[PDB]
Amino acid sequence: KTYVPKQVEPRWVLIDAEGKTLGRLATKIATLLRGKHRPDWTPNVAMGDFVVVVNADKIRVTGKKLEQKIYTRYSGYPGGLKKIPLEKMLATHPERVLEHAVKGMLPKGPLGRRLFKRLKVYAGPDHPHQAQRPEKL
Amino acid sequence: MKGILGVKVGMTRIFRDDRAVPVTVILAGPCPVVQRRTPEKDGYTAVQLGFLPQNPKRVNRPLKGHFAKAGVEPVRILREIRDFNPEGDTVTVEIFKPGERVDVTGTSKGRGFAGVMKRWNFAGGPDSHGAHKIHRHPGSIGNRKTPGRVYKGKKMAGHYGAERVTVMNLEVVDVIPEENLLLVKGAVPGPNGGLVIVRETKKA
Amino acid sequence: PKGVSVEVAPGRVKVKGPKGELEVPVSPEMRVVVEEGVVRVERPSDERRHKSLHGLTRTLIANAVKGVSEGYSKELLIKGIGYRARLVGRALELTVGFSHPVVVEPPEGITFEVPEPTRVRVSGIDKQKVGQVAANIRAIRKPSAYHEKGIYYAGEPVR
RNA sequence: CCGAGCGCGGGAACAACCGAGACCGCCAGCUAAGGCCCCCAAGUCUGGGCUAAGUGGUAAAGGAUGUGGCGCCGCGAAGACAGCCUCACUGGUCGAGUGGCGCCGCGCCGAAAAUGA
RNA sequence: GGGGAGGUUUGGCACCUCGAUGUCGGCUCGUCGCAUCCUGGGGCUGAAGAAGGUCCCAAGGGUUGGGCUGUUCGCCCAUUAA
RNA sequence: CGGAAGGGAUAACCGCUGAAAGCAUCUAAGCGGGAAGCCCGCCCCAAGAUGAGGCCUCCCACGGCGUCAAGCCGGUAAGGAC
Ligand SMILES: [Mg+2]
Ligand SMILES: [Mg+2]
Ligand SMILES: [Mg+2]
Ligand SMILES: [Mg+2]
Ligand SMILES: [Mg+2]
Ligand SMILES: [Mg+2]
Ligand SMILES: [Mg+2]
Ligand SMILES: [Mg+2]
Ligand SMILES: [Mg+2]
Ligand SMILES: [Mg+2]
Ligand SMILES: [Mg+2]
Ligand SMILES: [Mg+2]
Ligand SMILES: [Mg+2]
Ligand SMILES: [Mg+2]
Ligand SMILES: [Mg+2]
Ligand SMILES: [Mg+2]
Ligand SMILES: [Mg+2]
Ligand SMILES: [Mg+2]
Ligand SMILES: [Mg+2]
Ligand SMILES: [Mg+2]
Ligand SMILES: [Mg+2]
Ligand SMILES: [Mg+2]
Ligand SMILES: [Mg+2]
Ligand SMILES: [Mg+2]
Ligand SMILES: [Mg+2]
Ligand SMILES: [Mg+2]
Ligand SMILES: [Mg+2]
Ligand SMILES: [Mg+2]
Ligand SMILES: [Mg+2]
Ligand SMILES: [Mg+2]
Ligand SMILES: [Mg+2]
Ligand SMILES: [Mg+2]
Ligand SMILES: [Mg+2]
Ligand SMILES: [Mg+2]
Ligand SMILES: [Mg+2]
Ligand SMILES: [Mg+2]
Ligand SMILES: [Mg+2]
Ligand SMILES: [Mg+2]
Ligand SMILES: [Mg+2]
Ligand SMILES: [Mg+2]
Ligand SMILES: [Mg+2]
Ligand SMILES: [Mg+2]
Ligand SMILES: [Mg+2]
Ligand SMILES: [Mg+2]
Ligand SMILES: [Mg+2]
Ligand SMILES: [Mg+2]
Ligand SMILES: [Mg+2]
Ligand SMILES: [Mg+2]
Ligand SMILES: [Mg+2]
Ligand SMILES: [Mg+2]
Ligand SMILES: [Mg+2]
Ligand SMILES: [Mg+2]
Ligand SMILES: [Mg+2]
Ligand SMILES: [Mg+2]
Ligand SMILES: [Mg+2]
Ligand SMILES: [Mg+2]
Ligand SMILES: [Mg+2]
Ligand SMILES: [Mg+2]
Ligand SMILES: [Mg+2]
Ligand SMILES: [Mg+2]
Ligand SMILES: [Mg+2]
Ligand SMILES: [Mg+2]
Ligand SMILES: [Mg+2]
Ligand SMILES: [Mg+2]
Ligand SMILES: [Mg+2]
Ligand SMILES: [Mg+2]
Ligand SMILES: [Mg+2]
Ligand SMILES: [Mg+2]
Ligand SMILES: [Mg+2]
Ligand SMILES: [Mg+2]
Ligand SMILES: [Mg+2]
Ligand SMILES: [Mg+2]
Ligand SMILES: [Mg+2]
Ligand SMILES: [Mg+2]
Ligand SMILES: [Mg+2]
Ligand SMILES: [Mg+2]
Ligand SMILES: [Mg+2]
Ligand SMILES: [Mg+2]
Ligand SMILES: [Mg+2]
Ligand SMILES: [Mg+2]
Ligand SMILES: [Mg+2]
Ligand SMILES: [Mg+2]
Ligand SMILES: [Mg+2]
Ligand SMILES: [Mg+2]
Ligand SMILES: [Mg+2]
Ligand SMILES: [Mg+2]
Ligand SMILES: [Mg+2]
Ligand SMILES: [Mg+2]
Ligand SMILES: [Mg+2]
Ligand SMILES: [Mg+2]
Ligand SMILES: [Mg+2]
Ligand SMILES: [Mg+2]
Ligand SMILES: [Mg+2]
Ligand SMILES: [Mg+2]
Ligand SMILES: [Mg+2]
Ligand SMILES: [Mg+2]
Ligand SMILES: [Mg+2]
Ligand SMILES: [Mg+2]
Ligand SMILES: [Mg+2]
Ligand SMILES: [Mg+2]
Ligand SMILES: [Mg+2]
Ligand SMILES: [Mg+2]
Ligand SMILES: [Mg+2]
Ligand SMILES: [Mg+2]
Ligand SMILES: [Mg+2]
Ligand SMILES: [Mg+2]
Ligand SMILES: [Mg+2]
Ligand SMILES: [Mg+2]
Ligand SMILES: [Mg+2]
Ligand SMILES: [Mg+2]
Ligand SMILES: [Mg+2]
Ligand SMILES: [Mg+2]
Ligand SMILES: [Mg+2]
Ligand SMILES: [Mg+2]
Ligand SMILES: [Mg+2]
Ligand SMILES: [Mg+2]
Ligand SMILES: [Mg+2]
Ligand SMILES: [Mg+2]
Ligand SMILES: [Mg+2]
Ligand SMILES: [Mg+2]
């Protein structure tokens, strides 16, 4: 009968964002958010590392993107569809662009959100120097 | 950004040279600056004005401390004029030379549950020629199977007035520091005895 | 390329001279060999992209050089009856028909003179500045296409 | 083939399209179609090209010094192609490439819709 | 003569609905589309100017009151930036 | 009394510098200007922004149980409700 892990401790990680290609980084970030790298992986628990990102304001992204490529929010009201280009996202709160990527990469369930909270993204550098600052690339 | 609390006292016309003028009196009252906000430990600049004397009855609260910490007569009301920054003491009608124009924020009278006719000035049915049981109704509120729902924010009967309203760019017709009064172009929201806040406008 | 005070950077040449200094943004992917007295522009590959960038930077650097040494300056010609130029300390002011005389101050680095109420010595070190501010004046009142009025350069009219 | 296989895998979802005919059980193994960056199992695999349009992510006649590949035909160090009013051409001079056509791959324009993408 | 776009018209097909999906016009309330009527910005003009013509960009807002007819539409009166 | 003024980024379009292509070219690198439209600005809602934010001031021990940990039960405090 297959092994079930018990209450273990979350491994807090720290990733430097600047230079990294947006989507490419998000993918790995997501994987870390779930277990999926720890061989005691369990799909219904929440055991992914606490990823911390810094210098997110400096994420690289190929092609025209920034100019083109737009994020759309929808208010409930008529015409309530807002459209905001990648450019202006970074202009203001930029950690958004990475978050909206990692979030869209997490499973959509009630667990998915638990995990989305373990992801801490900052304009960086610097952040809550709690405990582990295990540089990672 | 100038500013000051006060009460709508009422209104009555006067005579600028030979020319009638509608005017509403506001009791600017003396306002003791109770506290200052600042980016230092507030993230923004603003002055918390006090207004109207409050006897130590209901002041039993921890307000006594917020009051003593600035050492000021305990007031009955206190709001923040944002981005205003005068001088550790008091602001009065002296802030407003006649001719300046001021925005004025008050709370509209309360219509309670108002029909679509009064709330939104809908047309409603005809008093005659048929229907009869729809004289003041809104009529249609949608389409058919598509969208198959009513639009969010559809004008419908509900509570009217009794809300934060701000008429703008009113002319300060006159000011009488002797009685702490202030005269403007009359059109200020809320009922007499209603509290209100005057301040500098936007125009240039 | 004499009088050159060039200096290669991680991605931008910097020429200097008696007249001033100008930073010339050149694509990093180009060899900007600075010879003892004659800078060269080398291009990796015979590709299409690189050709264009070569000839371009090849000129921008030369343009900065001739700038900090000789300098650039455009010549604007006023026309039409009422129309007339006139300097004011350092800012140019001109009447051209509108109910108000146009007051155009010079942007930093730019300097225009008025040798006559019919000419404008727009002068500076950077070619961009000049070429711009030049046309920026001609814009204040482009050439009349039906007569012979308004600002002009030094080339034939329209009529 | 569905009907009677709206039982199973793929095609986002979808009777008849691709795989395949479910007697029951198994916390075993191998493959099919389709896939192997994350949502989601499996290579961000190896070697070589093409594309710069989000093309890919789904439209035509037709149009264009987009971009690579191929071929033939005209001028030229007897100095050629541009601009030095010039094209031709000699002294000029960068001087060694240049002009025309045709075939292929990928792209570009042509390309306007009604609740929010 | 040739190629398309749209799904407002006129049609074709007979797939849902016949143990029921109320049909025209008006009123009330609108919202969306843009292939734009007006206002805004532009290119060209056979653009002197004033005014037009045509194409381009552009929904933000606006887009009148009556006569005849059930009419939609249309015609007409008086206006309009329309 | 309101539509704004103003700042920013732009569409068509107008340019600067400028090759690929010794010329030329607003463009391929790069820069300027440019709409009642876009983002701000104005007014209103707004921390169930479960990502539940901030600031000022006020009150503060345990009284018997739970041997562990989360809790239970009487009187209170600031203060709140009837
Ligand atoms: Mg992975
Ligand atoms: Mg997103
Ligand atoms: Mg899951
Ligand atoms: Mg799902
Ligand atoms: Mg959800
Ligand atoms: Mg009264
Ligand atoms: Mg403080
Ligand atoms: Mg604060
Ligand atoms: Mg009270
Ligand atoms: Mg009503
Ligand atoms: Mg009303
Ligand atoms: Mg009414
Ligand atoms: Mg009415
Ligand atoms: Mg009846
Ligand atoms: Mg109905
Ligand atoms: Mg629906
Ligand atoms: Mg109410
Ligand atoms: Mg209001
Ligand atoms: Mg009264
Ligand atoms: Mg009263
Ligand atoms: Mg003319
Ligand atoms: Mg069968
Ligand atoms: Mg089934
Ligand atoms: Mg079934
Ligand atoms: Mg399937
Ligand atoms: Mg199937
Ligand atoms: Mg079937
Ligand atoms: Mg089947
Ligand atoms: Mg079978
Ligand atoms: Mg059996
Ligand atoms: Mg079996
Ligand atoms: Mg077993
Ligand atoms: Mg086998
Ligand atoms: Mg096998
Ligand atoms: Mg993989
Ligand atoms: Mg998903
Ligand atoms: Mg995987
Ligand atoms: Mg790969
Ligand atoms: Mg490869
Ligand atoms: Mg395109
Ligand atoms: Mg089509
Ligand atoms: Mg196509
Ligand atoms: Mg076709
Ligand atoms: Mg065809
Ligand atoms: Mg074809
Ligand atoms: Mg074709
Ligand atoms: Mg052809
Ligand atoms: Mg192209
Ligand atoms: Mg070729
Ligand atoms: Mg020849
Ligand atoms: Mg000859
Ligand atoms: Mg030669
Ligand atoms: Mg030939
Ligand atoms: Mg052939
Ligand atoms: Mg297109
Ligand atoms: Mg369009
Ligand atoms: Mg659409
Ligand atoms: Mg015909
Ligand atoms: Mg014909
Ligand atoms: Mg035909
Ligand atoms: Mg139809
Ligand atoms: Mg018929
Ligand atoms: Mg039909
Ligand atoms: Mg049928
Ligand atoms: Mg049949
Ligand atoms: Mg029926
Ligand atoms: Mg029924
Ligand atoms: Mg019928
Ligand atoms: Mg009928
Ligand atoms: Mg209406
Ligand atoms: Mg609309
Ligand atoms: Mg829409
Ligand atoms: Mg116009
Ligand atoms: Mg025109
Ligand atoms: Mg012409
Ligand atoms: Mg004439
Ligand atoms: Mg004329
Ligand atoms: Mg409309
Ligand atoms: Mg009418
Ligand atoms: Mg009638
Ligand atoms: Mg008819
Ligand atoms: Mg008709
Ligand atoms: Mg008719
Ligand atoms: Mg007719
Ligand atoms: Mg008119
Ligand atoms: Mg007319
Ligand atoms: Mg008009
Ligand atoms: Mg008015
Ligand atoms: Mg603006
Ligand atoms: Mg600025
Ligand atoms: Mg600007
Ligand atoms: Mg914008
Ligand atoms: Mg931009
Ligand atoms: Mg130019
Ligand atoms: Mg460019
Ligand atoms: Mg090219
Ligand atoms: Mg630019
Ligand atoms: Mg600028
Ligand atoms: Mg600009
Ligand atoms: Mg303009
Ligand atoms: Mg504009
Ligand atoms: Mg305007
Ligand atoms: Mg206006
Ligand atoms: Mg727009
Ligand atoms: Mg609040
Ligand atoms: Mg709260
Ligand atoms: Mg709070
Ligand atoms: Mg106390
Ligand atoms: Mg306590
Ligand atoms: Mg204590
Ligand atoms: Mg204590
Ligand atoms: Mg004690
Ligand atoms: Mg105590
Ligand atoms: Mg413990
Ligand atoms: Mg009790
Ligand atoms: Mg108690
Ligand atoms: Mg006490
Ligand atoms: Mg008390
Ligand atoms: Mg209560
Ligand atoms: Mg009470």
# chains A, B, ... in the order shown; residues from 1 in each chain; ligands from 1

call {"tool": "residues_near_ligand", "arguments": {"ligand": "ligand 55", "cutoff": "10 Å", "atoms": "only C-alpha atoms (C1' of nucleotides) and all ligand atoms", "output": "list in words"}}
result
residues 53, 108, 109, 110 and 111 of chain D

call {"tool": "write_last_selection", "arguments": {"atoms": "N, CA, C and O atoms (P, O5', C5', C4', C3', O3' and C1' of nucleotides)", "output": "PDB file, in the first residue's frame"}}
result
ATOM      1  P     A D  53       7.528  41.884 -38.132  1.00  0.00           P
ATOM      2  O5'   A D  53       6.092  41.341 -38.544  1.00  0.00           O
ATOM      3  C5'   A D  53       5.201  40.837 -37.566  1.00  0.00           C
ATOM      4  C4'   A D  53       4.055  40.083 -38.187  1.00  0.00           C
ATOM      5  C3'   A D  53       2.956  39.666 -37.226  1.00  0.00           C
ATOM      6  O3'   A D  53       2.036  40.693 -36.932  1.00  0.00           O
ATOM      7  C1'   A D  53       3.643  37.778 -38.364  1.00  0.00           C
ATOM      8  P     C D 108       1.422  36.747 -42.030  1.00  0.00           P
ATOM      9  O5'   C D 108       1.871  37.997 -42.901  1.00  0.00           O
ATOM     10  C5'   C D 108       2.625  39.048 -42.324  1.00  0.00           C
ATOM     11  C4'   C D 108       2.663  40.252 -43.226  1.00  0.00           C
ATOM     12  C3'   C D 108       1.317  40.754 -43.720  1.00  0.00           C
ATOM     13  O3'   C D 108       0.645  41.557 -42.763  1.00  0.00           O
ATOM     14  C1'   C D 108       2.834  40.644 -45.527  1.00  0.00           C
ATOM     15  P     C D 109      -0.929  41.365 -42.508  1.00  0.00           P
ATOM     16  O5'   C D 109      -1.584  42.278 -43.639  1.00  0.00           O
ATOM     17  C5'   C D 109      -1.234  43.649 -43.761  1.00  0.00           C
ATOM     18  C4'   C D 109      -1.509  44.168 -45.149  1.00  0.00           C
ATOM     19  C3'   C D 109      -2.952  44.098 -45.615  1.00  0.00           C
ATOM     20  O3'   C D 109      -3.742  45.154 -45.108  1.00  0.00           O
ATOM     21  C1'   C D 109      -1.507  43.356 -47.340  1.00  0.00           C
ATOM     22  P     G D 110      -5.217  44.862 -44.562  1.00  0.00           P
ATOM     23  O5'   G D 110      -5.986  44.369 -45.868  1.00  0.00           O
ATOM     24  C5'   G D 110      -6.315  45.280 -46.905  1.00  0.00           C
ATOM     25  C4'   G D 110      -6.772  44.564 -48.151  1.00  0.00           C
ATOM     26  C3'   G D 110      -8.039  43.731 -48.016  1.00  0.00           C
ATOM     27  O3'   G D 110      -9.218  44.515 -48.147  1.00  0.00           O
ATOM     28  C1'   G D 110      -6.359  42.481 -49.137  1.00  0.00           C
ATOM     29  P     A D 111     -10.615  44.024 -47.510  1.00  0.00           P
ATOM     30  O5'   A D 111     -10.214  43.642 -46.023  1.00  0.00           O
ATOM     31  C5'   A D 111     -10.911  44.198 -44.917  1.00  0.00           C
ATOM     32  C4'   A D 111     -10.667  43.411 -43.657  1.00  0.00           C
ATOM     33  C3'   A D 111      -9.345  43.702 -42.953  1.00  0.00           C
ATOM     34  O3'   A D 111      -9.513  43.551 -41.545  1.00  0.00           O
ATOM     35  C1'   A D 111      -9.407  41.432 -43.605  1.00  0.00           C
TER      36        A D 111
END

call {"tool": "interface_residues", "arguments": {"of": "chain A", "to": "chain D", "cutoff": "10 Å", "atoms": "only C-alpha atoms (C1' of nucleotides)", "output": "MDAnalysis selection string"}}
result
chainID A and resid 1:2 23:31 63:65 68:69 71:83 101:108

call {"tool": "residues_near_ligand", "arguments": {"ligand": "ligand 89", "cutoff": "12 Å", "atoms": "only C-alpha atoms (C1' of nucleotides) and all ligand atoms", "output": "list in words"}}
result
residues 4, 5, 6, 7, 8, 9, 10, 34, 35, 36, 37, 38, 39, 40 and 41 of chain F

call {"tool": "residues_around", "arguments": {"residues": "region 165-181 of chain B", "least_positions_apart": "2", "cutoff": "9 Å", "atoms": "only C-alpha atoms (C1' of nucleotides)", "output": "ChimeraX atom specification"}}
result
/B:16,21,23,25-30,92-94,96-108,161-163,183-190,200-203 /F:1-2,43-44

call {"tool": "residues_around", "arguments": {"residues": "residue 79 (chain D)", "least_positions_apart": "2", "cutoff": "9 Å", "atoms": "only C-alpha atoms (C1' of nucleotides)", "output": "MDAnalysis selection string"}}
result
chainID D and resid 76:77 95

call {"tool": "interface_residues", "arguments": {"of": "chain E", "to": "chain C", "cutoff": "12 Å", "atoms": "only C-alpha atoms (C1' of nucleotides)", "output": "number ranges by chain"}}
result
E: 47-49

call {"tool": "write_last_selection", "arguments": {"atoms": "N, CA and C atoms (P, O5', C5', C4', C3', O3' and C1' of nucleotides)", "output": "PDB file, in the first residue's frame"}}
result
ATOM      1  P     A E  47     -12.002  71.369 -56.179  1.00  0.00           P
ATOM      2  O5'   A E  47     -10.574  71.670 -55.545  1.00  0.00           O
ATOM      3  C5'   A E  47     -10.079  72.998 -55.464  1.00  0.00           C
ATOM      4  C4'   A E  47      -9.944  73.450 -54.033  1.00  0.00           C
ATOM      5  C3'   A E  47      -9.129  74.712 -53.807  1.00  0.00           C
ATOM      6  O3'   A E  47      -9.872  75.895 -54.042  1.00  0.00           O
ATOM      7  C1'   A E  47      -8.459  73.047 -52.266  1.00  0.00           C
ATOM      8  P     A E  48      -9.563  76.792 -55.334  1.00  0.00           P
ATOM      9  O5'   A E  48      -8.868  78.080 -54.712  1.00  0.00           O
ATOM     10  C5'   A E  48      -7.499  78.062 -54.344  1.00  0.00           C
ATOM     11  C4'   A E  48      -7.093  79.352 -53.681  1.00  0.00           C
ATOM     12  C3'   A E  48      -7.777  79.659 -52.358  1.00  0.00           C
ATOM     13  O3'   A E  48      -7.157  79.017 -51.261  1.00  0.00           O
ATOM     14  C1'   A E  48      -7.862  81.564 -53.755  1.00  0.00           C
ATOM     15  P     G E  49      -8.025  78.102 -50.269  1.00  0.00           P
ATOM     16  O5'   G E  49      -8.793  79.170 -49.378  1.00  0.00           O
ATOM     17  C5'   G E  49      -8.094  80.217 -48.725  1.00  0.00           C
ATOM     18  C4'   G E  49      -9.024  81.349 -48.383  1.00  0.00           C
ATOM     19  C3'   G E  49     -10.327  80.944 -47.708  1.00  0.00           C
ATOM     20  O3'   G E  49     -10.191  80.790 -46.304  1.00  0.00           O
ATOM     21  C1'   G E  49     -10.788  82.406 -49.510  1.00  0.00           C
TER      22        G E  49
END

call {"tool": "residues_near_ligand", "arguments": {"ligand": "ligand 63", "cutoff": "10 Å", "atoms": "only C-alpha atoms (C1' of nucleotides) and all ligand atoms", "output": "MDAnalysis selection string"}}
result
chainID E and resid 7 9:12

call {"tool": "write_last_selection", "arguments": {"atoms": "N, CA, C and O atoms (P, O5', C5', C4', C3', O3' and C1' of nucleotides)", "output": "PDB file, in the first residue's frame"}}
result
ATOM      1  P     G E   7     -22.132  38.411 -39.425  1.00  0.00           P
ATOM      2  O5'   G E   7     -23.702  38.336 -39.649  1.00  0.00           O
ATOM      3  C5'   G E   7     -24.510  39.501 -39.524  1.00  0.00           C
ATOM      4  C4'   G E   7     -25.861  39.300 -40.152  1.00  0.00           C
ATOM      5  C3'   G E   7     -26.657  38.129 -39.589  1.00  0.00           C
ATOM      6  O3'   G E   7     -28.052  38.429 -39.653  1.00  0.00           O
ATOM      7  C1'   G E   7     -26.193  37.748 -41.886  1.00  0.00           C
ATOM      8  P     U E   9     -33.178  39.991 -42.230  1.00  0.00           P
ATOM      9  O5'   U E   9     -33.553  40.830 -43.526  1.00  0.00           O
ATOM     10  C5'   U E   9     -34.636  41.746 -43.521  1.00  0.00           C
ATOM     11  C4'   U E   9     -34.997  42.170 -44.921  1.00  0.00           C
ATOM     12  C3'   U E   9     -35.677  41.113 -45.780  1.00  0.00           C
ATOM     13  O3'   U E   9     -37.073  41.010 -45.537  1.00  0.00           O
ATOM     14  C1'   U E   9     -33.902  42.068 -46.995  1.00  0.00           C
ATOM     15  P     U E  10     -37.819  39.583 -45.648  1.00  0.00           P
ATOM     16  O5'   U E  10     -37.617  39.196 -47.178  1.00  0.00           O
ATOM     17  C5'   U E  10     -38.187  39.986 -48.211  1.00  0.00           C
ATOM     18  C4'   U E  10     -37.998  39.337 -49.551  1.00  0.00           C
ATOM     19  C3'   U E  10     -38.254  37.842 -49.589  1.00  0.00           C
ATOM     20  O3'   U E  10     -39.622  37.517 -49.707  1.00  0.00           O
ATOM     21  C1'   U E  10     -36.185  38.281 -50.599  1.00  0.00           C
ATOM     22  P     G E  11     -40.155  36.107 -49.161  1.00  0.00           P
ATOM     23  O5'   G E  11     -39.489  35.069 -50.170  1.00  0.00           O
ATOM     24  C5'   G E  11     -38.917  33.855 -49.700  1.00  0.00           C
ATOM     25  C4'   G E  11     -37.918  33.298 -50.684  1.00  0.00           C
ATOM     26  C3'   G E  11     -37.528  31.844 -50.485  1.00  0.00           C
ATOM     27  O3'   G E  11     -38.470  30.941 -51.017  1.00  0.00           O
ATOM     28  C1'   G E  11     -35.582  33.124 -50.777  1.00  0.00           C
ATOM     29  P     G E  12     -38.801  29.584 -50.233  1.00  0.00           P
ATOM     30  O5'   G E  12     -37.451  28.759 -50.369  1.00  0.00           O
ATOM     31  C5'   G E  12     -37.047  28.227 -51.619  1.00  0.00           C
ATOM     32  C4'   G E  12     -35.798  27.400 -51.481  1.00  0.00           C
ATOM     33  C3'   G E  12     -35.880  26.245 -50.495  1.00  0.00           C
ATOM     34  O3'   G E  12     -36.408  25.076 -51.090  1.00  0.00           O
ATOM     35  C1'   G E  12     -33.923  27.511 -50.085  1.00  0.00           C
TER      36        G E  12
END

call {"tool": "residues_near_ligand", "arguments": {"ligand": "ligand 83", "cutoff": "10 Å", "atoms": "only C-alpha atoms (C1' of nucleotides) and all ligand atoms", "output": "number ranges by chain"}}
result
E: 69, 71-75

call {"tool": "write_last_selection", "arguments": {"atoms": "N, CA, C and O atoms (P, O5', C5', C4', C3', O3' and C1' of nucleotides)", "output": "PDB file, in the first residue's frame"}}
result
ATOM      1  P     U E  69     -55.167  60.363 -40.881  1.00  0.00           P
ATOM      2  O5'   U E  69     -54.636  58.891 -41.184  1.00  0.00           O
ATOM      3  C5'   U E  69     -55.060  58.184 -42.339  1.00  0.00           C
ATOM      4  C4'   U E  69     -54.051  57.140 -42.746  1.00  0.00           C
ATOM      5  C3'   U E  69     -53.765  56.051 -41.721  1.00  0.00           C
ATOM      6  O3'   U E  69     -54.712  54.998 -41.768  1.00  0.00           O
ATOM      7  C1'   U E  69     -51.728  56.894 -42.614  1.00  0.00           C
ATOM      8  P     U E  71     -51.095  55.833 -37.851  1.00  0.00           P
ATOM      9  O5'   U E  71     -49.541  55.691 -38.150  1.00  0.00           O
ATOM     10  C5'   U E  71     -49.088  54.991 -39.295  1.00  0.00           C
ATOM     11  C4'   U E  71     -48.776  53.555 -38.976  1.00  0.00           C
ATOM     12  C3'   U E  71     -47.324  53.139 -39.169  1.00  0.00           C
ATOM     13  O3'   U E  71     -46.522  53.416 -38.031  1.00  0.00           O
ATOM     14  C1'   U E  71     -48.756  51.582 -40.239  1.00  0.00           C
ATOM     15  P     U E  72     -45.295  54.445 -38.130  1.00  0.00           P
ATOM     16  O5'   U E  72     -44.106  53.520 -38.633  1.00  0.00           O
ATOM     17  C5'   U E  72     -43.402  52.698 -37.725  1.00  0.00           C
ATOM     18  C4'   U E  72     -42.644  51.609 -38.435  1.00  0.00           C
ATOM     19  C3'   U E  72     -41.601  52.059 -39.441  1.00  0.00           C
ATOM     20  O3'   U E  72     -40.395  52.503 -38.838  1.00  0.00           O
ATOM     21  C1'   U E  72     -42.864  50.279 -40.345  1.00  0.00           C
ATOM     22  P     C E  73     -39.799  53.954 -39.200  1.00  0.00           P
ATOM     23  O5'   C E  73     -39.920  54.003 -40.795  1.00  0.00           O
ATOM     24  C5'   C E  73     -38.971  53.339 -41.617  1.00  0.00           C
ATOM     25  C4'   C E  73     -39.483  53.134 -43.026  1.00  0.00           C
ATOM     26  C3'   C E  73     -39.496  54.352 -43.931  1.00  0.00           C
ATOM     27  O3'   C E  73     -38.215  54.689 -44.430  1.00  0.00           O
ATOM     28  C1'   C E  73     -41.511  53.150 -44.197  1.00  0.00           C
ATOM     29  P     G E  74     -37.808  56.231 -44.635  1.00  0.00           P
ATOM     30  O5'   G E  74     -38.950  56.780 -45.603  1.00  0.00           O
ATOM     31  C5'   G E  74     -39.005  56.385 -46.968  1.00  0.00           C
ATOM     32  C4'   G E  74     -40.264  56.880 -47.644  1.00  0.00           C
ATOM     33  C3'   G E  74     -40.445  58.390 -47.694  1.00  0.00           C
ATOM     34  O3'   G E  74     -39.730  58.995 -48.756  1.00  0.00           O
ATOM     35  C1'   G E  74     -42.443  57.387 -46.939  1.00  0.00           C
ATOM     36  P     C E  75     -39.242  60.521 -48.637  1.00  0.00           P
ATOM     37  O5'   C E  75     -40.604  61.336 -48.766  1.00  0.00           O
ATOM     38  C5'   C E  75     -41.350  61.326 -49.973  1.00  0.00           C
ATOM     39  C4'   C E  75     -42.635  62.097 -49.829  1.00  0.00           C
ATOM     40  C3'   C E  75     -42.500  63.507 -49.274  1.00  0.00           C
ATOM     41  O3'   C E  75     -42.150  64.458 -50.264  1.00  0.00           O
ATOM     42  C1'   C E  75     -44.203  62.367 -48.104  1.00  0.00           C
TER      43        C E  75
END

call {"tool": "closest_atom_pairs", "arguments": {"of": "chain D", "to": "ligand 26", "cutoff": "12 Å", "atoms": "only C-alpha atoms (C1' of nucleotides) and all ligand atoms", "output": "CSV"}}
result
residue,atom,partner,partner_atom_place_in_ligand_line,distance
D:5,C1',ligand 26,1 (Mg),10.8
D:6,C1',ligand 26,1 (Mg),9.3
D:7,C1',ligand 26,1 (Mg),10.2
D:8,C1',ligand 26,1 (Mg),8.4
D:9,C1',ligand 26,1 (Mg),7.8
D:10,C1',ligand 26,1 (Mg),7.6
D:11,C1',ligand 26,1 (Mg),8.3
D:13,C1',ligand 26,1 (Mg),11.0
D:14,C1',ligand 26,1 (Mg),8.5
D:15,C1',ligand 26,1 (Mg),9.8
D:16,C1',ligand 26,1 (Mg),10.6
D:17,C1',ligand 26,1 (Mg),9.8
D:18,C1',ligand 26,1 (Mg),10.0
D:19,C1',ligand 26,1 (Mg),10.1
D:20,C1',ligand 26,1 (Mg),10.9
D:33,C1',ligand 26,1 (Mg),11.6

call {"tool": "select_by_dssp", "arguments": {"residues": "chain A", "states": "strand (DSSP E)", "output": "VMD selection string"}}
result
chain A and resid 13 to 16 51 to 54 70 to 74 81 to 85 120 to 121 135 to 136

call {"tool": "residues_near_ligand", "arguments": {"ligand": "ligand 53", "cutoff": "12 Å", "atoms": "only C-alpha atoms (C1' of nucleotides) and all ligand atoms", "output": "number ranges by chain"}}
result
D: 72-74, 99-102

call {"tool": "residues_near_ligand", "arguments": {"ligand": "ligand 19", "cutoff": "12 Å", "atoms": "only C-alpha atoms (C1' of nucleotides) and all ligand atoms", "output": "VMD selection string"}}
result
chain B and resid 8 to 12 24 to 25 190 to 194

call {"tool": "select_by_dssp", "arguments": {"residues": "region 96-132 of chain C", "states": "helix (DSSP H, G or I)", "output": "ChimeraX atom specification"}}
result
/C:127-132

call {"tool": "interface_residues", "arguments": {"of": "chain D", "to": "chain C", "cutoff": "12 Å", "atoms": "only C-alpha atoms (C1' of nucleotides)", "output": "number ranges by chain"}}
result
D: 66-68

call {"tool": "interface_residues", "arguments": {"of": "chain F", "to": "chain C", "cutoff": "6 Å", "atoms": "only C-alpha atoms (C1' of nucleotides)", "output": "VMD selection string"}}
result
chain F and resid 16 to 17 19 to 20

call {"tool": "write_last_selection", "arguments": {"atoms": "C-alpha atoms (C1' of nucleotides)", "output": "PDB file, in the first residue's frame"}}
result
ATOM      1  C1'   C F  16      13.812  64.493 -37.591  1.00  0.00           C
ATOM      2  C1'   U F  17      18.055  61.568 -37.936  1.00  0.00           C
ATOM      3  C1'   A F  19      20.609  52.672 -43.392  1.00  0.00           C
ATOM      4  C1'   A F  20      19.601  47.799 -45.870  1.00  0.00           C
TER       5        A F  20
END
